[PDB]
Amino acid sequence: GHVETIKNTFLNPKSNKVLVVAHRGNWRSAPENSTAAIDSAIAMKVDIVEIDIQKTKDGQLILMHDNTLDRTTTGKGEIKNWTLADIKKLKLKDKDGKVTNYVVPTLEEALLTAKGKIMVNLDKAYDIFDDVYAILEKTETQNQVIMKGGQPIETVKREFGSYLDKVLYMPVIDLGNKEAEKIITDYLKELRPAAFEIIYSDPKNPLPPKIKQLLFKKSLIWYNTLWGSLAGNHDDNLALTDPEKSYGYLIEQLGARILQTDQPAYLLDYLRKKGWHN
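Residues numbered from 1 in each chain as written, not as in the entry; some residues may be left out. Heavy atoms only, no water. Residues with missing side-chain atoms left out of burial classes, pairs and counts.

- As annotated in the PDB entry, the protein chain is Putative Glycerophosphoryl diester phosphodiesterase from Bacteroides thetaiotaomicron VPI-5482.
- The record deposited in the PDB is entitled "Crystal structure of Putative glycerophosphoryl diester phosphodiesterase (NP_812074.1) from BACTEROIDES THETAIOTAOMICRON VPI-5482 at 1.35 A resolution".

Encoded structure:
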């Protein structure tokens, strides 16, 4: 359905539109990393949901950011020490810490909720690419998923090269690293990805303008506004004061065409007023 429409922007490196990524789903409306948070993102016409993956003792893949259950659920302990069935007996806490009737979803459940409707970016999935791919195949969602990681293209080809013509892969590069430019140019040459996720903490890092020129009309640039260290203090809190100084700067000065935010309703509203999103 709508996901095909979203993908035609994601696959257009000349796009004048800016895609919205809801970090962990729209957690402002339902618990993070839940199917309810995905359905909220879909209802709001978010383009991509980012979801975090962990593996249970019994080898099942669930949505969970932390290595432990403590912050977001009624249980405690390391995910790797719990079985899926026992995790399913717990309940998710909402953003205010109130216990809900929602449960931890499996990756399969999340993908089935997203299927046909919203693209999905998985985090913490690179090292288990093959286990994830089997679930993508089971749910027939490989054409709407964006895998990502930080390894150079030589390593990704060696480890999971046979998957690169089957699912989208987006490199993540921290511009505070001395090898950042080479990692990017090697990806551009060898993989020609649809997008690159760019991270930098220092507002005066010299590379963001260079990356705009390197990736101009070649790949979409994804920046994160979740907190200060991800995009030189151009974050969601700054955007509440002045969205032009935060989101506008990233889009217009740095060439961002995808933004991952913790306030997707607010970002969508801004983008719609700018004529940069439907």
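Here the narrative resumes, following the displayed structure.
### As for the side chain of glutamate 197
Item 1. Along the chain, the position of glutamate 197 falls in strand β7 (residues 195-199).
Item 2. Separated by 2.7 Å, the side chains of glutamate 197 and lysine 148 make a polar contact.
Item 3. A polar contact is formed between the side chain of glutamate 197 and the side chain of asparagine 224, at a distance of 2.8 Å.
Item 4. Residues within four places of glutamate 197 in sequence aside, it is in contact with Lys148, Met170, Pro171, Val172, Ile173, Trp222 and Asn224. (Helix = DSSP H or I, 4+ residues; strand = E, 2+ residues; numbered from the N terminus. Polar contact = N/O pair within 3.5 Å; in protein donor to acceptor, adjacent residues only side chain to side chain. Contact = heavy atoms within 4.5 Å.)

### Focus: the pattern of salt bridges
Item 1. The full count for this structure, using the stated rule, is 19 salt bridges.
Item 2. The partner of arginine 71 in a salt bridge is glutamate 32, and the shortest N-O contact between them spans 2.9 Å. Highlighted residues: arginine 71 in the loop between β3 (61-63) and α3 (84-87) and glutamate 32 in the loop between β1 (19-23) and α2 (35-43), separated in sequence by 39 residues.
Item 3. Note on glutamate 32: relative accessible area 16%, which makes it buried.
Item 4. Beyond isolated ion pairs, a larger network of salt bridges with shared partners links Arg24, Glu32, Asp52, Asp66, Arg71, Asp123 and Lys124. (Salt bridge = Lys/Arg side-chain N within 4 Å of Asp/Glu carboxyl O. Buried < 20%, exposed > 50% of the residue type's maximum accessible area, 1.4 Å probe, protein only.)

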